[PDB]
C-alpha cells in the first residue's frame, strides 16, 4: 500500500520545507503546477508537462493552474483547478484543498501579503501580476534539488512500479523485433504493453534498428522494416505518479557472430559496473572504470590494435563511448542534484558522492559513429585503428545497456534486472 508510505513522504517534505523557509527567512513557498501552452495562431495546445517541484508533493501531473502553499508546519494548502464548462484519493487527506473554477480567480486564494512567499514555477509574469517578488530563488531551488536526490520510501515504491511497467514494454518490443517488425510497429507494441500514450512516456522513446543504433539522439520511427535485420537498440521508460524509468537494451538478431559477442561482453561490463555502486563512492570513479572496460573491449575485439591501458592513455575510447556513464533518476529523467556537493549547490552528469536511498542509471555504450570515427582517422591515432573491423561492425550501429539501480546501505537493488529483463 502506497498510502502508508505516502504519509511519511508528506512528513518528510514538510520537514524539508520547514528547514529551508526558516533558513531563508520566508513565510512560505508557493508551487505552481504550470499552464496549458497554446500553439501560435492556433487554438490547439501542447501537451501539458507539470512543474517537477509541484508533483514532488503529489501525483497530480495532468492538471495546470494548480498551486501548493506550504510552510512546513501547517497542512500544505492545495489549490486544485477544476472547471465546470459542459465540454478523493489517499493523498487528498493531506492537503487543505480549495477548488478553483477559473485560473484568474486564483488571486483570492493566495496569501494577501505575498512579499515573503517564494514563487516556484515557470510563469514569472503570472507570478508578478499576482504580487510575488521572489521567484525561483537559487538558495531554495538548490536546497530542494539537493534533497530530491534522497528518495523517500514512497518515491522508491513509485519508481519500482514505473520500472515494472517499462519492463513489460521492453519485452514486447524485443519480441516484436525478432518477428522482424518496423521501428514504428515495435513502438506501437511498446506503448500497448505499457498502456502508455506517446505523451505518457517520460522521454521520447529511442527505437532503433541497424545503423540507427549509432544515432545517439535518434527520435524517428521507420514505418518500413529493413530488408535485413541485424541489430536493435531500445531506450524507453515509463511513468508512475510522476516518477520515471529509463532503460536501454541492445539485441543481435541472430544471437551468433561478432556483434552478438560484442553485446554480451558489454552486458558483463555493465553488470560489473552496476555492482560497483556503493555508499561513499564518487560516481566519477565508476565513469573512469567504464572507459577502462570499454578500452578492454576494443582491444579484445581487435577493433583497436593496442592494450586497454594504451587505448585509455591515447584518448581513443571517447570515440566509441562518447557520453556519460549515468545519472540520478526520479521525478525528472535526468534528475536534479547530480552535481551538488552540499545544499548550497557548490559530458558526465553525475559527480556527486553516492549514498543510501539514491537511484541511478548505469548505461555504458559502444558505438560506431560516422563523425567521431572521421575525427580519429585525422589524428596520429590512425595507425592504431583496425579500420577493416570498424567497417564490419558499422552496419550494426552501436550498443547501450542501461539499468536503474537503487542504492541501499548494505545492498543494491537493480530494479530492471530483478524484473528479469535480460
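Numbering follows the first chain given and starts at 1.
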property: Chain break class at residue 224/residue 225 - deposited residues not modelled; result: none
property: Selected stretch [higher average CA B-factor]: 290 to 298 or 277 to 285; result: 277 to 285
property: 21 to 29 set against 8 to 16, stretch whose average Cα temperature factor tops the other in the entry; result: 21 to 29
property: Of the residues 198, 93, 335, 155, the one carrying the largest Cα B-factor as recorded; result: 93
property: Candidate set 169, 202, 322, 315 [ranked by C-alpha B-factor, highest]; result: 315
property: Entry-reported Cα temperature factor of residue 363, expressed as the chain third it lands in; result: lowest
property: Residue 210 by Cα B-factor - lowest, middle or highest third of the modelled chain; result: middle
property: Relative C-alpha B-factor of residue 82, binned into the chain's lowest, middle or highest third; result: highest
property: Third assignment of residue 104 from its chain's C-alpha B-factors; result: highest
property: Assigned third (lowest, middle, highest) for the C-alpha B factor of residue 378; result: highest
